[PDB]
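Trainee: Got a structure for you, written out below as structure tokens; questions coming shortly.
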Amino acid sequence: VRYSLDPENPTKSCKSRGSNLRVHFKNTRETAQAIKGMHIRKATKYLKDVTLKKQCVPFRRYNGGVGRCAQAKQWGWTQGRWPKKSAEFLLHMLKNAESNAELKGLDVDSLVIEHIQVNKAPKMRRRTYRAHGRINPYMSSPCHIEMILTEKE
Amino acid sequence: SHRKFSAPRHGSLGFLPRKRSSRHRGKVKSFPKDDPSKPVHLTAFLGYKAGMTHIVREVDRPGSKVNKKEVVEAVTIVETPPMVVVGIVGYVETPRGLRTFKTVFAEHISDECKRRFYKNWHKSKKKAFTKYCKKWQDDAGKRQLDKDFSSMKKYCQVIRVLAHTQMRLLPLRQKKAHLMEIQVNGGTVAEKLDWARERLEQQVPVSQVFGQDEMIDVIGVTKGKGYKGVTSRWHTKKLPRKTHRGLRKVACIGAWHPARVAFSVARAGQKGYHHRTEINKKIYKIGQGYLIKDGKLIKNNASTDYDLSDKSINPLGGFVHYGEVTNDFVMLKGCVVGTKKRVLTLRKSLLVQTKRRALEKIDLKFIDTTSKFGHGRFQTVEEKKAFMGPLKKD
Amino acid sequence: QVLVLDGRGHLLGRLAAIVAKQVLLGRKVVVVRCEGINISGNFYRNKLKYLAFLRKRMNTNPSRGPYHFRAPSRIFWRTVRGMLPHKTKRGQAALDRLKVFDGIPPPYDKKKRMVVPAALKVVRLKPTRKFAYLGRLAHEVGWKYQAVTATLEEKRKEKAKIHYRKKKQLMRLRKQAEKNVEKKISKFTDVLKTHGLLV
RNA sequence: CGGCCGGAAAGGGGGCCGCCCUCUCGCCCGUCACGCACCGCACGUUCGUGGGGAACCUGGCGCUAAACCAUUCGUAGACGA
RNA sequence: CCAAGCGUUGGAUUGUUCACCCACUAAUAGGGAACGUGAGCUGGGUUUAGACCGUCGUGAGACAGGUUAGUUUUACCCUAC
RNA sequence: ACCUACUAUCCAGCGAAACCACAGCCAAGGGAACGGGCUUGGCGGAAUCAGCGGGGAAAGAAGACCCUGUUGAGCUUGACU
RNA sequence: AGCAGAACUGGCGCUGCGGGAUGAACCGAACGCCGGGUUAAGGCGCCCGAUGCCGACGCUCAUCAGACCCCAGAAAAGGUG
């Protein structure tokens, strides 16, 4: 559909997009910035280390009350975290994006992601029960993820 | 209004920044001042806490109720292996303070000292001082070394020496030696520099630095205790049982128009692991390490003039959580700062010791070498064998 | 292009008021020998003037309070800072042009030091009045490098004497040089006297 | 061009010894001749091989390292450290 | 006179501020910081609603007149430490 | 002072609410008579974590304590009808 | 009493501007948008425009000096300073 950014060369570029994915927006954006510049096979290896708590995701913007860890010093930061569902949903997406590149006849082992964008999806409606017979909202925070890879030696 | 009944404040404000120490090794903040009349000597040494035990001695203080009586005193055991001098440092003196002038190391440095220059010894190639040790076998290098030494003859006012401890002789798990600048106090600069040049790559035993019945200073880091409240760190009054939001707190912190909470009020935080400097510690005995002559070793470190028993200061089963003391040691009256295996800085006194307490000689009568791993009741292993007799396993 | 002002015999407020105006005019001013700065009034007056200044500190956190500088150079730097709009961008850019030193640094020992006659004790003070040295005042309130600076300032005193005595002998040969050569330099000499340069 | 020393408070390409080539050319007075004489007009004239950054040059001289994560330790510790 | 550097207590009674007494002590000085200090504590008393007694009021009720029992909420926001 | 359980700590997952003129370092002065903003000074350094209750005359509810209203209700009587 | 109540006139309320560090009432002066010049009250060591006048005449030493109406603090008395 109407992507947010046009690639500099559509022949050497492939796209992927995920809409209304039930995953937290704040954890998705933080791992979207750390995944932006690396190579695709470097991208997949880094995401598996997040699941196994070997490499952390540096929380930069949405970091109020986030605990700090020793693995954030590799990113020049203090606060780190290892989101599982956040890395898992965008692990299938490069798998989806890898399939789009081979269908287009692009070289897999030299793809470099340049653009990745996380947008807020419409919030689901649940509720919680509080004191004195009060009901408070229980807003879910899904988000839209779309990225574009490009061939580069 | 005013406080109803006056009471002194809790905790001194001279040790106010109760943070974790940025250093682990004790630091000499003020070295003893020097006069050219005295010969060149060392002023500081670095030891490790082993354990504590009893002592028996005669008191020879006139005019007391305890004169010519036998007492017991708590004494610390600090295992003090000799150092290896690896370098010297000169200090030019500036109107902005004291500034280092030039640092000159040895030709070859032992690998115990090379541990300090690496965060990870396993992954490193151990390439430190490899090109610096090439300066000692070229004729331009020796002339540059003498030019560096001649430069320190002219301009340097204070000369310290770089010496490190010996982890190979200690039973500790770590192998990383601790470097330390020790100020050399003595005659003029020229003979001071020549003495330290000769002492390069040489063993420095404890007996050169300190002596018996001498006031020394102990510098070290406090035992760690973690995050603690005001009741443990500052020793404040416990609130009554009827308090709603808790009772191990500080009730009234500050006044209103003092709109900021003051720096002098007791707050919770880190307790322990504070750098400290204890003064006026008495050396009852400078011991001797294990040494082998005529085939068998000599271990009568706990022998006195009246005990004459060949037992060592190591108790039955060894020192708790430290190991066995095999090198020479110093015996300091009273408890010292730091836990077991803690690095301790020994330093000569900054004050002129002319008192009845500081000039009293000590004659040890009995050293308690019983097991500290519980309620021990035997000095030596063979004494227990003579009392227990044969066992089932014999 | 750089003003090297010797601080000996200069009044604290009169020198600071002239330096602050020159510094704000884009001129780099280096004030040297700040221990020679002296203040009108008896010594016991200025001590409690500085001792009561020491008492003024923040009650709740003295680390955020007034930074009481004890060096003579930083004391003079403090009184210039109060004579400048240091809360603005141009005030802080001015203070970068000021450079104070106790004693005389080796960058500035072999240089001619300028003297402000308007900011001088001998000019602005009566001979019967009393004055207080800032160098004595600083060490008496917490400065630790008075005897330190005195020996290093003593070291360069005969070192410049060697240069000066060589300088006199160097130009003694110069003044004696004309004494042999008036017969062939009178053509250039008289035209330098008609225009008023050697008369 | 090589050394030699003098510098430590925040340290100079400072001086001296000899070099194979250089001219009384250096500078001041006076002769000869030349130099876009851009036809009245502005940021001209230096410190300026100024600082920094990529890329291009030519060769010589060289060096083949550490930190962090992981794990372990527990003299430490809420997590980090 | 200089002098606030350092100290100015444990208890019987009363909610008490104040006050008195016992004992020790070098002394048991006077005070401020929203008559310091309730998202630090207590609810003993003032000062709700239930009651008892004395005085006054025909009465409902009143009493700087006594007695009794009477819910003491919230920091996860910013600053300060 | 020490020990145990559940928390509080961190992490996998899920995840609000009160509150919010702008937002938040102080001394003195004046001011609508106790300033985070104004004046003069002291000064000031990213992003944060665990506590903490000094301040924000903190949050809760158009003060019920006092007074006015030609606004009312429950009750009493020797008030009027 | 920065309290309450009166008489004349002027101000603030309704009003900005320069000055008095700041300021409802003080001093000067009231306002369309600008350029040049000149002043009022205030000032001319720095902040901060202006004395960087070869300013005049004297007084005053404070170990609590003094510094500009409103106005922000002082008395009787004493001094062989």
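Labeling convention for the structure tokens: chains A, B, ... as they appear, residues from 1 per chain, ligands from 1 in order of appearance.
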Give me, as a list in words, all polymer residues having an atom no more than 9 Å from stretch 212-217 of chain B, counting only C-alpha atoms (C1' of nucleotides) and skipping those fewer than 3 positions away in the same chain.

Mentor: residues 277, 278, 279, 280, 281, 282, 283, 284, 285, 286, 330, 345, 346, 347, 348, 349, 350, 353, 358, 359, 360, 361 and 362 of chain B

Trainee: Those residues with C-alpha atoms, as a CSV table (one decimal), in the first residue's frame please?

Mentor:
```csv
chain,number,residue,atom,x,y,z
B,277,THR,CA,42.2,5.7,58.3
B,278,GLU,CA,42.8,4.4,61.8
B,279,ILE,CA,45.8,5.8,63.8
B,280,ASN,CA,47.8,4.8,66.9
B,281,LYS,CA,48.0,1.0,66.4
B,282,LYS,CA,50.6,-0.9,68.4
B,283,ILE,CA,52.8,-3.6,66.9
B,284,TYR,CA,53.2,-6.3,69.5
B,285,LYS,CA,55.3,-8.6,67.3
B,286,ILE,CA,56.7,-8.7,63.7
B,330,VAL,CA,52.8,-8.2,61.8
B,345,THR,CA,47.7,-0.2,54.0
B,346,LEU,CA,50.3,0.1,56.8
B,347,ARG,CA,51.8,3.6,57.4
B,348,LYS,CA,54.1,5.2,59.9
B,349,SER,CA,52.7,7.8,62.3
B,350,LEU,CA,52.2,11.4,61.3
B,353,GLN,CA,55.0,9.6,69.7
B,358,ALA,CA,53.3,4.5,72.8
B,359,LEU,CA,56.8,3.8,74.3
B,360,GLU,CA,55.9,0.7,76.4
B,361,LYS,CA,57.8,-2.4,75.3
B,362,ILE,CA,55.8,-5.6,74.9
```

Trainee: Need to verify the contact set: residue F:20, 12 Å, only C-alpha atoms (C1' of nucleotides), exclusion of same-chain residues closer than 3 positions in sequence. Can you return it as a VMD selection string?

Mentor: (chain E and resid 77 to 78) or (chain F and resid 23 59)

Trainee: Given the selection you just returned, output its residues as a file containing N, CA, C and O atoms (P, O5', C5', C4', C3', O3' and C1' of nucleotides), formatted as a PDB file, in the first residue's frame.

Mentor:
```pdb
ATOM      1  P     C E  77       6.927   8.761  40.811  1.00  0.00           P
ATOM      2  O5'   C E  77       5.876   9.893  40.419  1.00  0.00           O
ATOM      3  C5'   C E  77       5.383  10.005  39.091  1.00  0.00           C
ATOM      4  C4'   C E  77       5.226  11.447  38.675  1.00  0.00           C
ATOM      5  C3'   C E  77       6.371  12.373  39.051  1.00  0.00           C
ATOM      6  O3'   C E  77       7.454  12.301  38.139  1.00  0.00           O
ATOM      7  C1'   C E  77       4.308  13.389  39.624  1.00  0.00           C
ATOM      8  P     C E  78       8.961  12.551  38.641  1.00  0.00           P
ATOM      9  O5'   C E  78       9.042  14.128  38.853  1.00  0.00           O
ATOM     10  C5'   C E  78       8.982  15.019  37.749  1.00  0.00           C
ATOM     11  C4'   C E  78       9.103  16.453  38.198  1.00  0.00           C
ATOM     12  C3'   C E  78      10.278  16.758  39.116  1.00  0.00           C
ATOM     13  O3'   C E  78      11.499  16.946  38.422  1.00  0.00           O
ATOM     14  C1'   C E  78       8.311  17.694  40.029  1.00  0.00           C
TER      15        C E  78
ATOM     16  P     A F  23       5.005  22.718  30.141  1.00  0.00           P
ATOM     17  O5'   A F  23       6.445  23.165  30.652  1.00  0.00           O
ATOM     18  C5'   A F  23       7.151  22.401  31.618  1.00  0.00           C
ATOM     19  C4'   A F  23       7.632  23.273  32.749  1.00  0.00           C
ATOM     20  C3'   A F  23       8.364  22.573  33.883  1.00  0.00           C
ATOM     21  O3'   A F  23       9.731  22.343  33.587  1.00  0.00           O
ATOM     22  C1'   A F  23       6.760  24.073  34.769  1.00  0.00           C
ATOM     23  P     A F  59      -3.440  20.977  45.813  1.00  0.00           P
ATOM     24  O5'   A F  59      -3.888  19.478  45.517  1.00  0.00           O
ATOM     25  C5'   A F  59      -3.688  18.891  44.240  1.00  0.00           C
ATOM     26  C4'   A F  59      -4.155  17.456  44.219  1.00  0.00           C
ATOM     27  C3'   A F  59      -5.563  17.217  44.743  1.00  0.00           C
ATOM     28  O3'   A F  59      -6.550  17.438  43.750  1.00  0.00           O
ATOM     29  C1'   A F  59      -4.068  15.665  45.732  1.00  0.00           C
TER      30        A F  59
END
```

Trainee: Using only C-alpha atoms (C1' of nucleotides), tabulate the residues of chain B lying at most 7 Å from any atom of chain D, each with its closest atom pair and that distance in Å to one decimal, by chain and increasing residue number, as a Markdown table.

Mentor:
```
| residue | atom | partner | partner_atom | distance |
| --- | --- | --- | --- | --- |
| B:94 | CA | D:9 | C1' | 5.2 |
| B:95 | CA | D:9 | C1' | 6.3 |
| B:155 | CA | D:8 | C1' | 6.6 |
| B:224 | CA | D:76 | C1' | 6.7 |
| B:226 | CA | D:77 | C1' | 6.6 |
| B:339 | CA | D:75 | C1' | 6.3 |
| B:340 | CA | D:75 | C1' | 6.3 |
| B:341 | CA | D:75 | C1' | 5.7 |
| B:342 | CA | D:75 | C1' | 5.4 |
```

Trainee: Write out, as a CSV table (one decimal), in the first residue's frame, the residues just selected, with N, CA, C and O atoms.

Mentor:
```csv
chain,number,residue,atom,x,y,z
B,94,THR,N,54.7,22.4,42.5
B,94,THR,CA,54.1,23.5,41.7
B,94,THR,C,53.3,24.4,42.6
B,94,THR,O,52.9,24.0,43.7
B,95,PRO,N,53.1,25.7,42.3
B,95,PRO,CA,52.2,26.5,43.0
B,95,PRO,C,50.7,26.1,43.0
B,95,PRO,O,49.9,26.5,43.8
B,155,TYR,N,65.3,18.6,39.7
B,155,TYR,CA,64.0,19.3,39.8
B,155,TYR,C,63.1,18.6,40.8
B,155,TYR,O,62.2,19.3,41.3
B,224,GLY,N,31.8,-4.3,53.6
B,224,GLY,CA,30.5,-4.0,52.9
B,224,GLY,C,29.3,-4.5,53.7
B,224,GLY,O,29.3,-5.6,54.2
B,226,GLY,N,26.0,-3.1,52.3
B,226,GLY,CA,24.9,-2.9,51.4
B,226,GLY,C,24.0,-1.7,51.8
B,226,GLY,O,24.4,-0.9,52.6
B,339,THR,N,37.5,-6.7,56.1
B,339,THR,CA,37.1,-8.1,56.3
B,339,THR,C,38.3,-9.0,56.1
B,339,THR,O,39.5,-8.5,55.9
B,340,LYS,N,38.1,-10.3,56.0
B,340,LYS,CA,39.1,-11.2,55.6
B,340,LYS,C,39.5,-11.1,54.1
B,340,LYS,O,38.7,-10.7,53.3
B,341,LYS,N,40.8,-11.4,53.8
B,341,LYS,CA,41.4,-11.2,52.6
B,341,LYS,C,41.4,-9.7,52.1
B,341,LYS,O,41.7,-9.5,50.9
B,342,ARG,N,41.1,-8.8,53.0
B,342,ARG,CA,41.1,-7.4,52.6
B,342,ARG,C,42.5,-6.8,52.6
B,342,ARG,O,43.3,-7.1,53.4
```

Trainee: What lies within 7 Å of stretch 77-82 of chain C using only C-alpha atoms (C1' of nucleotides), ignoring chain neighbours under 2 positions off, as a compact mmCIF listing (two decimals) with N, CA, C and O atoms, in the first residue's frame?

Mentor:
```txt
# COMPACT_ATOMS: atom_id res chain seq x y z
N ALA C 16 40.65 45.78 39.03
CA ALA C 16 39.57 44.95 38.51
C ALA C 16 38.59 45.75 37.68
O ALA C 16 38.04 45.23 36.70
N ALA C 20 38.13 44.80 33.77
CA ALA C 20 36.80 44.38 33.33
C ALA C 20 36.33 45.17 32.12
O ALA C 20 35.65 44.62 31.25
N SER C 73 45.06 34.50 42.86
CA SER C 73 44.63 34.65 41.48
C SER C 73 43.13 34.48 41.35
O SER C 73 42.46 35.26 40.65
N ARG C 74 42.57 33.47 42.01
CA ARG C 74 41.13 33.23 41.94
C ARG C 74 40.33 34.24 42.75
O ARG C 74 39.16 34.48 42.42
N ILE C 75 40.91 34.82 43.80
CA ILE C 75 40.25 35.91 44.51
C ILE C 75 40.09 37.12 43.60
O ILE C 75 39.02 37.74 43.53
N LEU C 84 31.26 42.03 35.94
CA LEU C 84 30.94 41.65 34.58
C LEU C 84 29.54 41.06 34.52
O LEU C 84 29.06 40.48 35.51
N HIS C 86 28.20 38.28 33.85
CA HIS C 86 28.56 36.89 33.64
C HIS C 86 27.36 35.97 33.48
O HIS C 86 27.54 34.79 33.16
N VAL C 100 44.46 34.63 35.11
CA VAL C 100 45.14 35.07 36.33
C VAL C 100 46.14 34.00 36.75
O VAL C 100 45.94 32.80 36.52
```

Trainee: Please identify the alpha helix (DSSP H) residues within chain A (assignment by DSSP from backbone atoms) and present them as a PyMOL selection string.

Mentor: chain A and resi 25-34+40-51+84-103
